[PDB]
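Undergrad: Show me the folded form of this:
(7 chains)
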Amino acid sequence: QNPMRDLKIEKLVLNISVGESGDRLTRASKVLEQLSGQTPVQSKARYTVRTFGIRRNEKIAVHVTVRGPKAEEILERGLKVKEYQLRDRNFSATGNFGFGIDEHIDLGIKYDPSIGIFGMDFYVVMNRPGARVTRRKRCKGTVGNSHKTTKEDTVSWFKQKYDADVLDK
Amino acid sequence: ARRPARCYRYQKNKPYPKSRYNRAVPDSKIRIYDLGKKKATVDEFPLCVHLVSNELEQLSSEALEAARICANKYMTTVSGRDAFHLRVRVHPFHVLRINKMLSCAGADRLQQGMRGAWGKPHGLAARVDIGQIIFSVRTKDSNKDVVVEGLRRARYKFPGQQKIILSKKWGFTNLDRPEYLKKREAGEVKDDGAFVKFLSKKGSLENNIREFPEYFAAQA
Amino acid sequence: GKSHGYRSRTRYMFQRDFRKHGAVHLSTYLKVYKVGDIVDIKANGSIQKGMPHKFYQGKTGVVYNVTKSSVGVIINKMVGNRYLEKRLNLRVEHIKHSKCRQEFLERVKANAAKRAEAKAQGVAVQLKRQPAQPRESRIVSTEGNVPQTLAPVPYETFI
Amino acid sequence: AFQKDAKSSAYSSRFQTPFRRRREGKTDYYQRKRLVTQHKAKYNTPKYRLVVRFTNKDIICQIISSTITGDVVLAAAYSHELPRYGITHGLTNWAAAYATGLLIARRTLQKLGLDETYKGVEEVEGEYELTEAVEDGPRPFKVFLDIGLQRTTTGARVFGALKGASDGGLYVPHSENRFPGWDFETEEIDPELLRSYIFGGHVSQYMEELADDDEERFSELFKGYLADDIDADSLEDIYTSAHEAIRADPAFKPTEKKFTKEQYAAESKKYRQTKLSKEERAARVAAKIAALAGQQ
RNA sequence: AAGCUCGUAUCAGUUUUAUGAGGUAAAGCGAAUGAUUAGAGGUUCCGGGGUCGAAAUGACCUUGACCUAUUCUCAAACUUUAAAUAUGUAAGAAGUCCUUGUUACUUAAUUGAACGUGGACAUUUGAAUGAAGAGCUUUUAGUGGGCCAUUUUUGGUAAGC
RNA sequence: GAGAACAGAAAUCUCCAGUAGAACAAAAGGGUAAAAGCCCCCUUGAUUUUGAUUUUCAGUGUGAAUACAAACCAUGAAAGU
RNA sequence: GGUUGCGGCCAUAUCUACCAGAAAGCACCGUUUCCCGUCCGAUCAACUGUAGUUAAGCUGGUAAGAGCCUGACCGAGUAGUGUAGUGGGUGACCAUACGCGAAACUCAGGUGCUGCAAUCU
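TA: Residues are numbered from 1 along each chain as shown, chains lettered A, B, ... in the order given. Please find the structure below.
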């Protein structure tokens, strides 16, 4: 029973939570921009904390969403940073996962002091076909519990391909 | 200084509790309601006597605390702590008011007659109907005289008429004595803390059979 | 110190029927209102335009006008020792027909048909209504229903 | 498969369910009120809506008025009945939409008695023109577009079917800024391009572009055209003749019903489950208590 | 007080029938919101404290918060529900039925809407009871400090307040 | 709630559940979910003309509000507002 | 009888969890030249019904299921209430007469019906 119960990446979300705006933020944006080929999008802080120097609507951070073979491309070159090794967690209860990296140069980008060094959060978000049902306008249904993604199925997929293990729990 | 209870005996005013509107009230003098052997199964204390009001009046938290102390002390003197479960089935929620018109001399320090006579809180009181139960005890059947005596001794510390009535029905609960017995025989009962849970014929058989295997199990 | 605004004392009135909030149903708008039709007034808090004042809640009037979105209702209002003719521009969400005169017109049709049938067959319909009359004589049989004797019960507490 | 949400008994008690078409996700009652409600001083005049819906494989254009017991259909045209006029592939595209609108217009006017007058545009060049009125005679049949939930956008097929209806003769008030060929800067229309969209110029342009760029995609796509001997030079003539025959005879010859209502009902009720009985529920309960008590 | 137009016209501090409106009394909170007594079973890497411990989302212990199902008790400014009394409308001649004119309004349309012609149904003509006449107008006096009782009810300990 | 470098009880991202437990300038109350809330686009009907109506009420005034007409505009695919 | 479109009344229709579905339809599904829209052809827009599957959505069934609906000499003619008395009672409050009359609890059953059109071994 696996005709269309095949698990595939909905998308990959690349995030950098730079803590301020100006040079650091726009440079992080450039990093994402030439990493993805897609014009990234800048998010703003949703309230004020004052321990960190962030407040409302200050253009705090950057992210971008990628899909398809470019998504799994960026994913494998970024997973090779973690050496095909995750934890028992890093995997959501719903069937997604993610991992953080430092020194993004590990994904093939020169130092280039006109950019500088940034970390990243990668989040892989998964699905089985028939997710239009939950996103389309007309007749927006749910997905049945058979066809809902799950942590176990997602881990089994990520294991049986990618040559990846779950060291460190 | 705490003017008498004849001044607040009768349900003259509407109920007036601690709210966002009326705030800044004094605490109750009765704060404990369950005492004796509270961590006791229903099967241990088959008796009950109730102290029932026979008047539509309102009682004070002070009187409730006093009656509580008196009754507990008598019960504990004779029968012991592990012998009874005194529950106070009434709660002082109605707030009482004072205008507080001064007491030295109203010639120049006038206090303004009845201008602005709305009062501030004085204390707390329970509004008690006729037939409304007060002071359940639930002992064993052989502590009957003691419980009657203790409730009758508490009875002096309230206004109005109160009656001490015997009960069937395992008196924490409803469900008369033989019916409780036949259900406990059939296995329709579980001992949850201080009060039981009863079988229903409504929920899923999953839950009913994991929670009540003895009922239709054919081994006993 | 007092407050006597338009929607004063209207809290529970213009509440909205538990589990009947929002999304007015469209038979309300498809219902047709001709001049002379009797209509009951029952405001809807969800439609803030064209509302009645709280006086006219549950009052039943007659239509004098018909407009785009509304109808004009006539009411007779007590002011002292008299009644006064009040005209209300109210939207149709606050308005419903009257099953009273509906039933009256049914009885009209039946009275006409009955009078016709009688003019054919047999005169003296007696087509008015009469109140509930006292019931006639009858015979109440035992034959299996013997009278069961009841006694007053003694006092018991069961508490 | 999940529990911690656990809709409680109180929640389920005081939950107000939406209307059924809303729960189904098929209707906007906001739009429906705004669109169905009539000026109450007309007292009886139906407000007719041209309901244009797009499934996969079919376009569904209906002329509907509203009533309490339920809406009533004056006329209804589909795309799947175009093969008797000469369209057999791409019968859910912009051009089939135009032709379906043309057909509902002509069919409606036929049965309504207003076909000799308000004959509509038979010189289709994309020039934006509504159906002006004829003095010394009736007015045209006014009918309002019901889209539903698909997004108002410039280049779309609800608008194709509208343009077809208006050309076919119906009065359908609309603006020209959602027909394709409308420029975001200069507020004017490109009716030559629009005529191309009517006559498949974009589909034909794509067939040419594949057939001289990529041939495997052209082989799997459009193979109905290859098999029916059609190529990308006479799609205009196809839709032209389809328009002409739609204008010739729109009178809705239906199917032949092929094992009629009773035979269908039998073959359905065979596989449609009976529900259950109360005694049967009691018996299954008895069986569960006996098995999960005695255990053989 | 003067009358005026009429003489069963139309009416009514009343019931019944039909149809509505209401959110008080009651009740309810193992239903929402707030208040509230008691234990019982789960629960954290994500509470505190101590133990076996160089560390381990490593092992154990008490209690608090949480959750689950129970549980005693409440609300003038809470409520799913929901009275009695009080309340609106109607109970046909200015009515119902059929055919058919006007319109500059409306309709896709002599389709609708309004007012109508013409014809048909009358004395159990469309519940009850009563109707010491019904309807209409003008003008003008005194008054514009109130008090009591039953019942509902606020303030106040209460008051011949 | 579960997940993701620095990231921690709270910073940004993703999914889940979520009948409103939020917000709607300002009291409180009502009302509102492909919304009356949040975001975006276009705008000035917050215009003109003078009348009928509802509340307060003497059935006066003011204040506010309602529903139309004759115009002119905005909006949108349009119904409509 | 099923399905689609458009609906009416708006839970007997909602929710949790399992199981089935022939035909047709719906659906997922395939690609991005053109209109169109996004950080992302995911949503939206368009093009093919071609390459594929009922996996989901969808419909129906199941559950001593939760919820909701109806009924009940079920509680209960109880609570409450209109009217009455030179009635009882220190009072608080109560009974009685002529009347109207609930909610919770309990039990039983039930779990969408239906209009217009089009189509389906």
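Undergrad: For the stretch 1-150 of chain D, which segments count as helices?
TA: D:9-13, D:20-24, D:29-36, D:94-112 (DSSP state H, counting those that start in this stretch).
Undergrad: my bad, chain C
TA: Secondary structure of chain C (DSSP state H): helices at C:27-30, C:99-120.
Undergrad: and the shortest one, what other elements does it pack with?
TA: It refers to helix C:27-30. Secondary-structure packing of helix C:27-30 (3 or more CB pairs under 8 Å, 6 or more residues apart in numbering or on different chains; DSSP states H and E): helix D:29-36. Any C-beta I mention is one placed from the backbone N, CA and C, and that applies to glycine too.
Undergrad: Which residue, neighbours along the chain excluded, lies closest to residue C:54?
TA: Among residues not flanking residue C:54 along the chain, residue C:10 sits closest, at 5.1 Å (CB to CB, 6 or more residues apart in numbering or on different chains).
Undergrad: Residue 87: what's it in contact with?
TA: Since you didn't name a chain, this refers to chain A. Taking CB atoms under 8 Å, 6 or more residues apart in numbering or on different chains, we find residue A:87 in contact with A:166, A:167, A:168, A:169.
Undergrad: nope, chain D
TA: D:79, D:95, D:96, D:99, D:238, D:239, D:242.
Undergrad: circling back to that earlier point, save the helices of chain C as JSON lines, and put in mean neighbour count and distance to RNA strand G too.
TA: JSON lines is the format used below for the helices of chain C (neighbours: other CB atoms under 10 Å in any protein chain shown; distance: least, CB to the nearest atom of the strand, whole Å):
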{"stretch": "helix C:27-30", "mean neighbour count": "15", "distance to RNA strand G": "3"}
{"stretch": "helix C:99-120", "mean neighbour count": "11", "distance to RNA strand G": "15"}
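Undergrad: Point out the one among the ones you listed that comes closest to RNA strand E.
TA: helix C:99-120 (3.6 Å; CB to the nearest atom of the strand).
Undergrad: Could you see whether chain C lies near stretch B:41-49?
TA: No: applying CB under 8 Å from any CB of the partner chain, one finds stretch B:41-49 separated from chain C by no less than 9.4 Å.
Undergrad: Using PDB, write down the CA coordinates of that stretch.
TA: Written as PDB, here are the backbone C-alpha positions of stretch B:41-49 (Å, rounded to 0.1, in the frame of the first residue of the first chain):
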ATOM      1  CA  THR B  41     -14.100   5.100  51.600                       C
ATOM      2  CA  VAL B  42     -17.900   5.200  51.300                       C
ATOM      3  CA  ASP B  43     -18.000   1.600  52.600                       C
ATOM      4  CA  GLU B  44     -16.600   2.600  56.000                       C
ATOM      5  CA  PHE B  45     -19.100   5.100  57.300                       C
ATOM      6  CA  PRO B  46     -22.600   3.800  56.400                       C
ATOM      7  CA  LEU B  47     -24.500   6.200  58.700                       C
ATOM      8  CA  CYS B  48     -25.400   9.800  58.400                       C
ATOM      9  CA  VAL B  49     -27.300  12.400  60.400                       C
END
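Undergrad: Residue A:103 touches residue A:117, doesn't it?
TA: Yes: the pair residue A:103 / residue A:117 is scored as a contact, 5.9 Å apart, by CB atoms under 8 Å.
Undergrad: Can you give me every residue that contacts residue B:32?
TA: Residue B:32 sits next to residue B:68 when contact means CB under 8 Å, 6+ apart.
Undergrad: brain fart, residue A:102
TA: With CB under 8 Å, 6+ apart, residue A:102 has these contacts: A:117, A:119.
Undergrad: what about it, distance to residue A:16?
TA: The spacing between residue A:102 and residue A:16, counted by CB to CB, to the nearest Å, is 11 Å.
Undergrad: just residue C:100 next, same as before
TA: Distance from residue C:100 to residue A:16, by CB to CB: 72 Å.
Undergrad: One more: residue B:38?
TA: 59 Å.
Undergrad: These two: which is more packed in?
TA: Here residue B:38 and residue A:16 are set side by side on neighbour count (other CB atoms under 10 Å in any protein chain shown), and the busier one is residue A:16, at 21 against 14.
Undergrad: which residues does the more buried one form a beta bridge with?
TA: residue A:62 (DSSP bridges).
Undergrad: That one contacts residue A:63, correct?
TA: Yes: the criterion here is CB under 8 Å, and residue A:16 meets it with residue A:63 at 7.3 Å.
Undergrad: Need the residues touching each of the two.
TA: In contact with both residue A:16 and residue A:63: residue A:32, using CB under 8 Å, 6+ apart.
Undergrad: which element is the closest residue to chain A within chain B on?
TA: Among the residues of chain B, residue B:206 lies nearest to chain A; the distance is 18.1 Å by CB to the nearest CB. Using DSSP states H and E, residue B:206 maps to helix B:205-211.
Undergrad: Sketch out the strands for chain C, chain order is fine.
TA: In chain C, the strands defined using DSSP state E lie at C:38-41, C:60-66, C:70-78, C:83-91, C:95-97.
Undergrad: What backbone torsions are found at residue A:36?
TA: phi -100, psi -30 (degrees, to the nearest 10).
Undergrad: count of neighbours near it?
TA: Neighbour tally, residue A:36, other CB under 10 Å: 17.
Undergrad: I figured it was touching residue A:74, is that so?
TA: Yes: with contacts counted by CB under 8 Å, residue A:36 reaches residue A:74, the gap being 7.1 Å.
Undergrad: can you list residues touching both of the two?
TA: A:14, A:66.
Undergrad: Pick out the residue closest to the middle of the chain.
TA: All of this refers to chain A. residue A:123 (2.4 Å; CA atoms, centre = their mean).
Undergrad: The chain in question should be chain D.
TA: So for chain D, CA atoms, centre = their mean, it's residue D:60, sitting 2.4 Å from the centre.
Undergrad: okay but residue D:84 is in contact with residue D:252, surely?
TA: No: using CB under 8 Å, residue D:84 is not in contact with residue D:252; the gap is 10.2 Å.
Undergrad: Which parts of chain A are strands?
TA: Going by DSSP E, chain A shows strands at A:8-16, A:41-43, A:61-66, A:97-101, A:120-127.
Undergrad: will you turn the ones you listed into a markdown table that also has distance to residue B:19?
TA: Formatted as a markdown table, the strands of chain A follow (distance: least, CB to CB, whole Å):
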| stretch | distance to residue B:19 |
| --- | --- |
| strand A:8-16 | 48 |
| strand A:41-43 | 44 |
| strand A:61-66 | 45 |
| strand A:97-101 | 49 |
| strand A:120-127 | 48 |
